[PDB]
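What follows is a short report on a single structure.
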Ligand SMILES: *[C@@H]1O[C@H](CO)[C@@H](O[C@@H]2O[C@H](CO)[C@@H](O[C@@H]3O[C@H](CO[C@H]4O[C@H](CO)[C@@H](O[C@@H]5O[C@H](CO)[C@@H](O)[C@H](O)[C@H]5NC(C)=O)[C@H](O)[C@@H]4O[C@@H]4O[C@H](CO)[C@@H](O[C@@H]5O[C@H](CO)[C@H](O)[C@H](O)[C@H]5O)[C@H](O)[C@H]4NC(C)=O)[C@@H](O)[C@H](O[C@H]4O[C@H](CO)[C@@H](O[C@@H]5O[C@H](CO)[C@@H](O)[C@H](O)[C@H]5NC(C)=O)[C@H](O)[C@@H]4O[C@@H]4O[C@H](CO)[C@@H](O)[C@H](O)[C@H]4NC(C)=O)[C@@H]3O)[C@H](O)[C@H]2NC(C)=O)[C@H](O)[C@H]1NC(C)=O
Ligand SMILES: *[C@@H]1O[C@H](CO)[C@@H](O[C@@H]2O[C@H](CO)[C@@H](O[C@@H]3O[C@H](CO[C@H]4O[C@H](CO)[C@@H](O[C@@H]5O[C@H](CO)[C@@H](O)[C@H](O)[C@H]5NC(C)=O)[C@H](O)[C@@H]4O)[C@@H](O)[C@H](O[C@H]4O[C@H](CO)[C@@H](O[C@@H]5O[C@H](CO)[C@@H](O)[C@H](O)[C@H]5NC(C)=O)[C@H](O)[C@@H]4O[C@@H]4O[C@H](CO)[C@@H](O)[C@H](O)[C@H]4NC(C)=O)[C@@H]3O)[C@H](O)[C@H]2NC(C)=O)[C@H](O)[C@H]1NC(C)=O
Ligand SMILES: *[C@@H]1O[C@H](CO)[C@@H](O[C@@H]2O[C@H](CO)[C@@H](O)[C@H](O)[C@H]2NC(C)=O)[C@H](O)[C@H]1NC(C)=O
Ligand SMILES: *[C@@H]1O[C@H](CO)[C@@H](O[C@@H]2O[C@H](CO)[C@@H](O)[C@H](O)[C@H]2NC(C)=O)[C@H](O)[C@H]1NC(C)=O
Ligand SMILES: *[C@@H]1O[C@H](CO)[C@@H](O)[C@H](O)[C@H]1NC(C)=O
Ligand SMILES: *[C@@H]1O[C@H](CO)[C@@H](O)[C@H](O)[C@H]1NC(C)=O
């Protein structure tokens, strides 16, 4: 048009501009013949089927006027009216109108129809008819979007059970803590080094650490005895004794303390070992006590 | 002389289902979620928003509920098993299925056993051609 | 079973015997509903927690098939396999598996989990969920059994 600017013509096709001579054409993108003959696009809709070809392709192929017809002449092509580059026709997805037929097999149905293309009403050299069909699945997945939150009169009852963990300690001979003892009693000398370690036979949670809050020896099996020799006092070993060394405590489930043998002063011949232990959570507590060792 | 070139296009039909309140199937819901009680009766129907061909009938091959939106879940409660409703539950009644495009099944609300609070509904459907298939399944209801 | 005698069925539940008609049921000991709803037993283990209810109670309450589930559906109930009267489920005493959580305070830690009971997958009238927890002391007394007899010059 001699009034509208580049917006007057389709954006896809270049808008040529010169003094006293304005027009719009296309580029190498849509310029060739053979691929244009092979060029097309199709759209299968829920209720309609659309087939379109580039109008610039038709113009370049010499088809200034385009006549699009189907098996039924009542169906006729027309401009896209949405994107001006294309020219398209519509066909209802049924059998009987617009010349469409229904091809059905067990898997899923299909609709087939033919499109006739020509430059004019009559055909002189080539009669190109496009055979096209849309396949619609006969089985499909459907999901309800809206979820549900049902209400029920529920009965909730608290149950509480006391539990106890399993804890044991062993007397090892070597500094490597290899062989536990099994006899009910043992004999040793003062110069002998008493290597002892503790273990949890169950509940070896990674975040639960073993911390010796305090340890002591007793002349008798009865823990409640006034004569106590604290080996670990308030999470740390007793000082003034170089022989007291602990390799690990609170690092993991394996808590080991090293000390040499001793004997209570008096008529007490037998010596027992007792300990108190606090399980430490690594999430919050550092579980690595530090003191004036 | 004529040139013929084959063209094919993958398409899909439009299918949707709605949750009605009344036994007459009048008002669909619109909210993303709803709350209900066990005694409440869950009336549901399915419709085709397009392609309402007279000879294509709607047949519920199987329906089931899922605790989550993901259909591929082992915990499935089949409400319709192989084109027929699950027995041992008098509350399961379907007014129409395969007669026309309007397939409706009636059941009362339920809740999955466990920690699952939300329940979803999924279905599979087979379109039936009235020309050849009777499309009126019969079974030991 | 039409082959095994009274030993075939659990001793706790009475074994009924008649010509052409044998079976086993229970007595007034396990027959009522309300106390059965209130009846249960729990066991807190060192590494596992067990909760069980009388199978005869479930049968008498109309729950011919029993579905026991927890906060995590991977955990499922099963027969006791030690005393056939009970039916029980197991849960490791940790946080994360089987839906269990860890409730901790300064005195001592505690593990809590919920048990879901139903006759079938779906629930129609009542949704009874049993909230249970085991308390494990965080401080405990340990004594070495083996005494010592040191030698001195
Ligand atoms: C019912 O009915 C219905 C109807 O509808 C059905 O269904 C259907 O079916 C049909 C048939 O099968 C189909 O079609 C097919 O397809 C396939 C696949 O495809 C592929 O590819 C593509 C591309 O191309 C892709 O993508 C696509 O695309 C499209 C476009 O194109 C679109 O549309 C869509 O969308 C897409 N897809 C989707 C899914 O979406 C796909 O994916 C696929 O992929 C891949 O690819 C590859 C490559 O290509 C492949 O491989 C290759 O292939 C070739 C062909 O292509 C060959 O085969 C070779 O060998 C191979 O290696 C693979 O495989 C795939 N994957 C899978 C499968 O997975 C296809 O494959 C086919 O093809 C065939 O066929 C055709 C026809 O039809 C033919 O063509 C022919 O050719 C010749 C030469 O060769 C000439 O001459 C002529 O002319 C032509 N035409 C006619 C014949 O017509 C071809 O070739 C082939 O054939 C054969 O093959 C063999 C092997 O096996 C050989 O050996 C032989 O040789 C041949 N033949 C001859 C003759 O030669 C077709 O195309 C449809 O699809 C359906 N539908 C649906 C919806 O799907 C049903 O089934 C019924 N039922 C009852 C029961 O009946
Ligand atoms: C960190 O967290 C741990 C959590 O484990 C905590 O340690 C536990 O604390 C609880 C609370 O103290 C302990 O359980 C209390 O035991 C008290 C004394 O023992 C009772 O009860 C035993 C049965 O529970 C019984 O026999 C025991 O039976 C077990 C089998 O079931 C067996 O395994 C065990 O060996 C055996 N022996 C024991 C345990 O020694 C005992 O023989 C003895 O009779 C008991 O008095 C307590 O009852 C009070 O507390 C509970 C809540 O814990 C209340 O329950 C509430 O009741 C309401 C109705 O009244 C109801 O609506 C609520 O739903 C319900 N639940 C709540 C509130 O959570 C009780 O009613 C009662 O509460 C108050 O009592 C006062 C005075 O009597 C009364 O005036 C109030 O009215 C009443 N409250 C209310 C709301 O009415 C518990 O049963 C547990 O034993 C501890 N664990 C261990 C391993 O010992 C730590 O302390 C905690 N630490 C910190 C720092 O926070
Ligand atoms: C095809 O592409 C050509 C681009 O070469 C379009 O116009 C041509 O422009 C060049 C400018 O360098 C001229 O030398 C050519 O003479 C032009 N083509 C002709 C045929 O004169 C052309 O418009 C595009 N479309 C068609 C249908 O040829
Ligand atoms: C509950 O206890 C009764 C005992 O009275 C069990 O069976 C009953 O046996 C008496 C025999 O005097 C019959 O008169 C009753 O008819 C029996 N009960 C029924 C329901 O018929 C009974 O098996 C026990 N358990 C249950 C679940 O009822
Ligand atoms: C341990 O000793 C204390 C006090 O000496 C006493 O009260 C307690 O009964 C004793 N216990 C045993 C088991 O000997
Ligand atoms: C659904 O669950 C299956 C298996 O449980 C899984 O393979 C799939 O990825 C899941 N899909 C979605 C969307 O969650």
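Counting starts with 1 at the first residue shown.
How was it done? The header gives electron microscopy, 4.0 Å.
Yeah, the Cβs are placed from backbone N, Cα and C, and that goes for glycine too.
Look at Swiss-Prot and you will find C:6-C:15, C:9-C:24, C:26-C:56, C:44-C:134, C:75-C:98 tagged as disulfide bond, backed by experimental evidence. Residues or ranges marked as domain 'EGF-like 4' by Swiss-Prot on the basis of a curator's inference: C:1-32. For C:31, C:105, the entry in Swiss-Prot reads N-linked glycosylation site. Under the heading region 'ZP-N', Swiss-Prot lists C:43-138, citing a curator's inference as support.
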Residue counts (helix, strand, coil, in that order) that DSSP gives for the region 'ZP-N' (C:43-138): 9 helix, 47 strand, 40 coil
Residue C:15 (disulfide bond) and residue C:24 (disulfide bond), distance between Cα atoms, whole Å: 4
Disulfide-bonded residues compared (C:15, C:44, C:134) - the one with the fewest other Cβ atoms within 10 Å: C:15
Sequence-ordered recorded positions from C:6, C:26, C:98, C:105 with Cβ under 6 Å of an atom of ligand 5: none
C:6, C:9, C:24, C:44, C:56, C:134: the disulfide-bonded residues whose Cβ falls under 8 Å from a chain A Cβ: C:44, C:134
Residue from C:15, C:75, C:98 whose C-alpha is spatially nearest that of residue C:56 (disulfide bond), among the disulfide-bonded residues: C:15
Cα within 10 Å of residue C:26 (disulfide bond) - qualifying recorded positions among C:6, C:15, C:44, C:98, C:105, C:134: C:15
Separation of alpha carbons, residue C:75 (disulfide bond) and residue C:31 (N-linked glycosylation site) (Å): 29
The domain 'EGF-like 4' (C:1-32) - residue tally per DSSP class, helix then strand then coil: 6 helix, 8 strand, 18 coil
Rounded Cα separation (Å) that holds between residue C:44 (disulfide bond) and residue C:98 (disulfide bond): 15
Listed recorded positions adjacent to ligand 4, that is, members of C:31, C:56, C:98, C:134 whose C-beta is under 6 A away: C:31
Between residue C:15 (disulfide bond) and residue C:9 (disulfide bond), the C-alpha gap once rounded to whole angstrom: 7
Spatial separation of residue C:105 (N-linked glycosylation site) from residue C:6 (disulfide bond) - C-alpha basis, Å: 51
Nearest of the recorded positions (C:9, C:105, C:134) to residue C:98 (disulfide bond), judged by Cα-Cα distance: C:134
